[PDB]
C-alpha cells in the first residue's frame, strides 16, 4: 500500500514526528520588526552570491502567517515543530539591547504551537550569526564566541524555557566549518585563495572547536541555572551522510571509516568520549586544537540527545596514507569519493547535485552511531529531498519521488530502530519550500508547496502521505 506498512504503530510508543524550518529560510521580515542583519543578509544581498540574486528578505513570510502554518502542520498530524530563533531578531547587535518586538514574535509562535498541541523543538542557531558579531569579534574564529553565545542562550532559556523543553544549540557546525572556512562558498567566504582572507587548513578546525566549546558553555549554564526549575533538555544538530567502502579491501574500509571520523566523529567523539577522533589527532596534528582536561570534561556528556541531519550516502575508495603538505580540512581525509559500484550509481540524484537518493544510508548512519557511541539518544532532525525550479504548481504537488523518498528512508530508519537503535524522533526537512541558501528559491524541499509570487501554501502529495501515516 502507499504507506508501505508504515504508521505510528510501526514506531516506538511516544516516538515524535515533526517538520523543520529555520529562521532565515522561512520567516522573512529580515530588516523589519527590529531585526538586525545576519551574515547571511549581507552575503545574500551581494550580487552573484545566491541563485538569481535572491535573498531571505521576505522568504515564505512565516512571520505574518505563522498561525496558518501551525494550523497546517496540526492538520497533517505532526506532534512537533523544529524551528530556530534568529539571534539578530532578539539582539540586533548580537549583544546588549533586546529587541522586544522580536521576543514577542517567538512568544506568540511558541504559545500558538502549545495551544495547538505541537511541541516546540527550538534551535538557537542556524547559520545566522549577527553581522555585528562577525565584524566586531571575527565570528567563530574567536574563542569569545563561547561567552557571547552563552549570554544569548541564557536570555532564551530565561525568556522561553518555562514553555520550551527541547532545545538545540547549533545546526550542522561541520557545514559552517566546511563551506564558510574551507571552500569559502558560504559566509564569511574564507579560504586559502579567498578575497576575504583565510586558511582552509587551519580555520575549519578553529571554528569547529569554538562551536564545541560554545555548545558546552551554553549547556553548563542551562544545567547550573535553569534546569532545576525548567526540567528541559538541550542537544545539538550534526549532519551525517553515510560512507560505504567501495570494496572489502583493507584500504577501502579504512577510507570509509576515515570519512566517518572526519565527518561525524569530529563532533561526536568530543561530545560522547571527550576527545577528537584518533585519526584526526594523527593526521591533522598541530592544526587540531587541544581541549584542556577541564574543557574536555565540560564538552563530554554535554548533549542530552544528538540531532542527526541525514540525507545521502557516498562510496569511498582508499589509498596508502601519505605524508602531505596540509592544504585543507577536505584534503586531510585522504579519501576518494565514488558514486557508482559494479557499474551502477549509488542512487539517482534529487535536484541538489550532492543529494543522492540512498535510503540504506539512513540505516547505515543510525546503526553506526548505535554501535560506535554506546547507543546515545538520537533524533533525526532533518531528512528530505528537493524538486527543481520552474515546475508548474500541479507538478510540485504531484511529488511522487518525495513520497517514495520518505517511505523508503522511514522503512530503513524503522529497520535500525527495530534492531535496537535509540532513536526518539524524526523530523522532515522541510514543512515548506523555502530559501535554500546558495540555491535561493531554485530548490524546493517542502512537503508543502509555496507559490513565491502569491505566498500561498498548497500541501503536496507527500504532506497527505504524512497525514495518512501519522493519524492518531
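Residue numbers count along the first chain shown, from 1.
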property: Given 242-250 and 172-180, the range whose Cα B-factors average higher in the PDB entry; result: 242-250
property: Selected stretch [higher average CA B-factor]: 369-377 or 325-333; result: 325-333
property: Most elevated Cα B-factor in the entry, residues 260, 116, 233, 398; result: 116
property: Given 402, 223, 393, 165, the residue at which the Cα B factor reaches its maximum; result: 393
property: Lowest, middle or highest third - CA B-factor, residue 36; result: middle
property: Cα B factor band for residue 462 (lowest, middle or highest third within the chain); result: middle
property: For residue 388, the third of its chain into which the C-alpha B factor falls; result: lowest
property: Among modelled residues of the same chain, the CA temperature factor third for residue 407; result: lowest
property: Third assignment of residue 45 from its chain's C-alpha B-factors; result: highest
